[PDB]
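See below for the structure under consideration.
Hydrogens, waters and symmetry mates are skipped; everything else that's a heavy atom, side chains included, is used. So you know, we letter chains A, B, ... as the sequences are listed, proteins then strands, and number each from 1.
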Amino acid sequence: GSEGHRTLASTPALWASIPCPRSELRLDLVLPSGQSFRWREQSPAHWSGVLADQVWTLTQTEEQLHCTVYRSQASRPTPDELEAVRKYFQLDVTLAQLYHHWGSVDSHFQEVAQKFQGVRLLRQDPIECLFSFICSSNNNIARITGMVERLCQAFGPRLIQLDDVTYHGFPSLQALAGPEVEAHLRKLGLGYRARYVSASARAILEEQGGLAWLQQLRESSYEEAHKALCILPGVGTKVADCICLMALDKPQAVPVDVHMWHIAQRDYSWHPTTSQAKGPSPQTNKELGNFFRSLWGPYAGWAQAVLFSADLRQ
DNA sequence: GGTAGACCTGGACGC
DNA sequence: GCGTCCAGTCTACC
C-alpha cells in the first residue's frame with residue numbers, strides 16, 4: 001500500500017495533475033529515447049526517476065500528466081513542485097505549433113510526425129547532461145543507462161528507496177573529480193570513458209573556473225557554448241551538441257550520430273557537398289548539422305529528437 | 001587540414 | 001557455442 005512504487009490507481013490521493021494532452025507529451029517516447037538515462041517504467045505506463053533532487057513517478061491519461069513525489073508525511077506534490085515538472089518538460093513550448101511548422105517545410109517530417117506525436121525536449125541539469133553524454137559515445141542507450149545508474153549509485157547522494165530500488169541524485173563535480181574515481185568507474189564497466197569522466201571533472205573544477213563556467217554557457221551563444229565544451233576530454237562534436245540542445249537551451253543544436261546519418265541518407269537522399277569525404281568525419285558531420293538546421297529552423301534540435309525517437313522504434 | 005585506427009562493453013546475428 | 005558488427009573521441013601521420 002504505502003510501500004513500493006506508487007501507481008495512479010493504488011494511492012489516488014497521492015497524485016496531482018498537470019493539464020497536458022498526449023499530443024503535447026508522450027512519456028513512452030521521451031523518457032527512454034536517449035535524452036535522459038534516469039527514468040524507468042517500474043510499473044506499466046508509470047515512469048520513476050529523479051527530478052530536481054527528488055524522486056517522482058509520472059503517468060498520463062489522454063488529457064492529463066499525473067505526478068507523485070517521494071520526499072515527512074506522504075502528501076500531494078505542491079503547486080511549486082509541479083512547476084518543477086512543467087519546467088523539466090518545458091511545457092510552455094507548444095509542441096503542436098512546432099510540429100505544424102516542421103511538417104509545413106518538410107513533407108517527410110509531416111509523414112513521420114503523424115505517428116510520433118508528443119516528442120519534446122527535456123530541460124536538463126548541465127552537470128548530469130554533461131557526464132551522461134560523455135558516457136554515450138560509441139555506445140548504446142541500454143548500456144549507457146546502466147553505466148549512468150552505477151555511476152550515480154557509487155558517487156551520488158542517496159535519496160529514497162522504493163521496493164529494492166535506491167535512488168541517487170547525480171554526482172557533484174567534486175565527487176567525480178575525487179581520487180581514484182577513474183579506477184572505480186572502470187570496475188563499474190564504463191570502459192575508457194572512465195578516464196573521460198574523471199579528466200573532465202578535474203578540468204572543469206581546476207582549469208575552467210568550476211560549475212560557474214558551465215552554467216554560464218546557458219547565456220552564451222550556441223557557437224560559443226559548443227566551442228567551450230569541446231575543450232573537455234571525451235567531449236567531441238556530438239556530445240557538445242547534446243549538451244547545448246538538452247541542457248543549455250540551444251534549440252538549434254543538432255547532435256550528429258549514426259542515426260541522423262542513416263536518416264539523412266535514407267529519408268532525404270543527403271550527401272556531403274562542401275566536403276570531399278563521402279562518410280562521417282568532422283567536416284561532413286558539421287555539414288549535416290547545418291543541413292538539418294536549414295531544413296527545420298531555430299528548433300532543429302527539437303525536430304531531430306522526433307525523427308531520432310521514431311528511428312529508434314525499429 | 002584531413003584520415004585510418006585502436007579504444008571498453010556487451011547484445012545481436014551469422015555460420 | 002566463438003569471432004564479428006555495432007551503438008564518437010582522440011591522435012598519429014600525410
Item checked: Runs of at least three consecutive pairs that involve DNA chain C, where pairs are Watson-Crick or G-U with distances under 3.5 Å -> B:2-7 with C:8-13, B:9-14 with C:2-7
Next item on the list: Assess whether atom CD of A:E224 is packed by more than 12 heavy atoms of other residues, nucleotides or ligands within 6.0 Å.
Entry: no
Next item on the list: Would you state whether a donor and an acceptor, one from the side chain of A:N138 and one from the base of B:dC8, lie under 3.5 Å apart?
Entry: yes
Next item on the list: Please confirm whether neighbouring nucleotides C:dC5 and C:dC6 meet the stacking test: six-membered ring centres under 5.5 angstrom apart, planes under 30 degrees.
Entry: yes
Checklist line | CG (A:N140) with more than 12 external heavy atoms under 6.0 Å | finding: yes
Item checked: Crowding at OH, A:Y299 (>12 non-hydrogen neighbours, <6.0 Å) -> no
Notebook entry, point to check: Can you name the side chain to side chain contact (heavy atoms under 4.5 Å, CB included) partners of A:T59, sequence neighbours left out?
Noted result: A:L8, A:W15, A:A45, A:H46, A:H66
Next item on the list: Quick one, give me the B/S/- string for nucleotides 9-14 of chain C, reading 5' to 3', where B means a protein heavy atom under 4.0 Å from the base and S means that only happens at the primed atoms, P, OP1 or OP2.
Entry: SS----
Next item on the list: Please work out whether the ring planes of A:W39 and A:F89 are parallel, tilted or perpendicular, with thresholds of 30° and 60°.
Entry: tilted
Note to self: Please report the distance separating the P of C:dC5 from the corresponding atom of B:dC15, rounded so that it comes out in whole Å.
What the structure shows: 12 Å
Next item on the list: Could you measure between the two P atoms, the one in B:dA6 and the one in C:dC14, and give it in whole Å?
Entry: 16 Å
Notebook entry, point to check: What class does the angle between the rings of A:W102 and A:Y99 fall in, given that below 30° is parallel, 30 to 60° is tilted and above 60° is perpendicular?
Noted result: tilted
Notebook entry, point to check: Does A:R6 make a cation-pi contact with A:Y70, if we ask for NZ or CZ under 6.0 Å from the ring centre and within 45° of the axis?
Noted result: yes
Next item on the list: For the side chain of A:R143, starting at C-beta, report the closest nucleotide among B:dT9, C:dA7, B:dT3.
Entry: B:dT9
Margin query: Suppose we call a contact any N or O donor and acceptor under 3.5 Å apart; does that hold for the side chain of A:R193 and the base of B:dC7?
Written below: no
